[PDB]
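See below for the structure under consideration.
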Ligand SMILES: CC(C)OC1CN(C(=O)N[C@@H]2CCCCc3cc(-c4ccnc(Nc5cnn(C)c5)n4)ccc32)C1
């Protein structure tokens, strides 16, 4: 099948880390092309459901999405083969103080993610776990969005969730928007934990009381207005990703 990679075409080279489905490794496809390979631990995934959705996810092609190249399903563990991102997770990247980021670079990261998300929104596809931990950085410093949709197959992101999610499990395009605002806060805070002094339970109470994250020192007033617009209490008063991208591009021009 066009979604199927022969595992004999893979050369495993390095271990990258361990996520919700087990170990992820760096390797080569057909001796030449860099890939990341998720080795899906038995019992961790709703595999048949994922395999059917992987057909849809293959056709999500945008330069700012970490591409799904295919799956290896004829065996267990199954494998998910994706684009390899040389500089790893955005969260860890932001926390490395040696980068000495310019705020123009931080805004560019937000724009990268916003473009990916505008594409997903145009396909009526929710990420469902948008956060710096699910963005990666390539060898050119481009940020791409990773593992969109995959939480559906896990057999909770309190700090990235709007009130209607925490109170009613009301998931929508506007809960991705809320999460994006939090991600913008992570970026401008160089990787701090949102609501860092609170537990998840205290964060949920804070959010239900109407309180919000406040301005990271590196965010201008115009950048803070953008992330804060993602956190309106009423979901329908939150922007779309098309509007956010316009907003971010405008600020990039104004500097
Ligand atoms: C959304 C939730 C429900 O599920 C999802 C499945 N999931 C999950 O597997 N995460 C792990 C997190 C721990 C580390 C292992 C890793 C690696 C990569 C990956 C992909 C492409 N390139 C690179 N490159 C590169 C360079 N250095 N390092 C260190 C990495 N790395 C993606 C994800 C994950 C969360």
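The chain as shown is numbered from 1 upward.
Looking at the header, which is where the method is noted, we find X-ray crystallography, 1.7 Å.
Cβ atoms here come from the backbone N, Cα and C positions, even for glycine.
Site annotation (Swiss-Prot, ligand ATP) includes 16, 17, 18, 19, 20, 21, 22, 23, 24; from 38, 55, the additional listed residue is 38.
Checking Swiss-Prot for motif 'CAV1-binding' across the ranges 146-153, 162-169, 170-177, 178-185 points to 178-185.
220 is the residue among 122, 220, 229 that Swiss-Prot describes as phosphoserine. Note on 26, 119, 214: Swiss-Prot annotates phosphotyrosine at 214; no matching annotation appears for the rest, which is not proof of its absence. Comparing the Cα of residue 85 (dasatinib binding site) with the Cα of every entry in 16, 22, 214, these being the recorded positions, the smallest distance points to 16. Flanking an unmodelled run of 11 residues are residue 155 and residue 156, whose Cα atoms lie 12 Å from one another. Annotated dasatinib site 82, 83, 84, 85; additional same-chain residues within 8 Å of its Cβ mean position, judged by their own Cβ, are 34, 35, 36, 66, 67, 136, 138, 144, 146. Neighbour count (other Cβ atoms within 10 Å of the Cβ, all protein chains): 16 for residue 20 (ATP binding site). Close to residue 82 (dasatinib binding site) in the fold, though at least 6 residues off in sequence, lie 35, 36, 37, 38, 66, 67, 68, 69, 146, each with a CB less than 8 Å from its CB.
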